[PDB]
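Starting off, we have a lone chain in the form solved without ligand SAH, written out as structure tokens.
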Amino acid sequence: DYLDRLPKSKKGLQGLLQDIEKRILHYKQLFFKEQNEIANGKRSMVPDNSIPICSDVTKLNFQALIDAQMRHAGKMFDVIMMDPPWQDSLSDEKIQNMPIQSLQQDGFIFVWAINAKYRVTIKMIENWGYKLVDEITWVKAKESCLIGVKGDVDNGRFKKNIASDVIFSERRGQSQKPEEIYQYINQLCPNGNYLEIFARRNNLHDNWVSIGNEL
């Protein structure tokens, strides 16, 4: 297809078939080649030290995650980040009712909010126990990343001065969340362990636990 755009003529169809055939040979070698490079140890853009989990957070039952984390780290996490897929669409409801509190006891949470979901984010992180303390802002056009806090952060674990509340797009016209965010988290916690929910394959940085339906 589309039906409309194809030739209905015998001569058009014959030449199209001829050109499709050459093209298939062309892309065949590209596939075989690609597939071979992969076999002989090619390396992905993913950093070595990240924990990708492909799951659905509605279905996901966090307890295994919690148990596994306690088991290997002895602490729950220090920073949680979320770019919810607002109504690919989850109703306000099932995002809201996630049992996030189990996930962390003492640290920071970062949540992305389009202007429509901005207020909703406030009272959903308050529900999870957090106190609103900050907002980063991204210019490209603006979107807010709302920051909240729970527990004691008076440990040496979290460093008090924050590099910026403004963040800037890596590249013109960009729609993936900027990288500088990961660095700022690095400021707040250096070499702590962090969890991301609703993660994408580009969202993976080593030392991070990332969970998402597309990872």
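Counting begins at 1, following the sequence as shown.
One more form of this protein exists, namely the form solved in complex with ligand SAH; it is left out here, but the text below deals with it.
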Is there a heavy atom of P99 no more than 4.5 Å from a heavy atom of ligand SAH in the deposited bound form? no
Is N202 close enough to ligand SAH in the deposited bound form to count, meaning some heavy atom within 4.5 Å? yes
Are any of the heavy atoms in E214 no more than 4.5 Å from a heavy atom of ligand SAH in the deposited bound form? yes
At the 4.5 Å heavy atom threshold, is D83 in contact with ligand SAH in the deposited bound form? yes
Heavy atom within 4.5 Å of ligand SAH in the deposited bound form - residue from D56, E37, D67, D48: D56
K75, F110 and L195 - do all three of these have some heavy atom no more than 4.5 Å from ligand SAH in the deposited bound form? no
Note: ligand SAH not shown here; in the deposited bound form, the stretch from 147-155, 24-32, 175-183, 160-168 having heavy atoms within 4.5 Å of it is 175-183
